[PDB]
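> Take this structure first; my questions come after.
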Amino acid sequence: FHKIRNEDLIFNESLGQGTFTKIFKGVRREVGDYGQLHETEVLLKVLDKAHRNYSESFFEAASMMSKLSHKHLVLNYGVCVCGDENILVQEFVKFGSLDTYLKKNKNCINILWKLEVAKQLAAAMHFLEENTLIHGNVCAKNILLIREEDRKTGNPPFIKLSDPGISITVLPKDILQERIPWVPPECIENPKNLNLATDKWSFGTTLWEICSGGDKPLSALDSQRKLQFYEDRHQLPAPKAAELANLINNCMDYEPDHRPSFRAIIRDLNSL
């Protein structure tokens, strides 16, 4: 990761928090192409100082993801590790996270919009799978809406998959349990079971979010009941708009080896 000086960063408003992180809108002063000076809007992810021991995991998968370039993968500009800070400097996406967008615009999002977003996410995951790169935290909160749909000009929405944050292989067990049903059953059993098949399960959970107007699956269950949901081998309910329900359940297969390739997933989506 390219190193950015704290002096070139301005922190502005808080945009919320992730796991052991705080998120801010900011500005980066930089010299761009042709030597032109820019003041570039950025997204700043700050690891909590109290959790500095997660800094290696905080940067790792993000870095590996940034070693591959792809139109559906978020751009990381670099890191700021001046002083006692651990900061990821990321492109600022105009419309933010998909989960909030789905809820704010539920009445204005139809099946064709959901199908296009599902196809784009599948394309990103197929690219990762072909590169045998595990993401590890596929969820609607980690999908960013670059561009809104514009029916008047035929433009579909356009999304990017963002970074996974600190890996589930190092997070406390109580946090993994709260992340059911995004974290697959084999990873609740053993977080070291994280593998490519992990992302297929979470992708199914993410499709459920996309189809459920930003509802969170199993949000009414506490961690104990989320555990028993997996022990009883339950599946998620079909979303009211159930067009993707079979694909969701096919991806959320309790046998990791039976989860379909993203090539097959893309073929299924194209058939709808």
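Counting along the sequence shown from 1, when you hit position 95 you're at 631 in the deposited numbering, and nothing is skipped either side.
Where is the CB? At the ideal position from N, CA and C, for every residue including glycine.
1) Quick one: using the 10 Å Cβ neighbour count with 16 as the cut-off for buried, is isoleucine 647 buried or exposed?
2) Can you tell me where the beta strand (DSSP E) with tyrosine 613 in it begins and where it stops?
3) For a quick check, are the C-beta atoms of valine 629 and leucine 680 less than 7 Å apart?
4) Taking the Cβ atom as the reference point for each residue, do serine 698 and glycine 672 lie within a distance shorter than 7 Å?
5) Can you tell me whether DSSP reads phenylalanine 663 as helix, strand or coil?
6) For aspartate 758, count the other beta carbons within 10 Å of its own beta carbon; 16 or more makes it buried, fewer makes it exposed. Which is it?
7) I'd like the ranges of any beta strand (DSSP E) spanning at least 3 consecutive residues and lying wholly in the segment 638 to 714.
8) Is the Cβ-Cβ distance between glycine 740 and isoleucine 802 less than 7 Å?
9) Could you tell me the alpha carbon to alpha carbon distance between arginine 541 and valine 615, rounded to whole angstroms?
10) If we count the other Cβ atoms within 10 Å of its Cβ and call it buried at 16 or more, is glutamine 764 buried or exposed?
Well, looking at it:
1) exposed
2) 612 to 616
3) yes
4) no
5) helix
6) exposed
7) 679 to 683, 694 to 697
8) no
9) 9 Å
10) exposed
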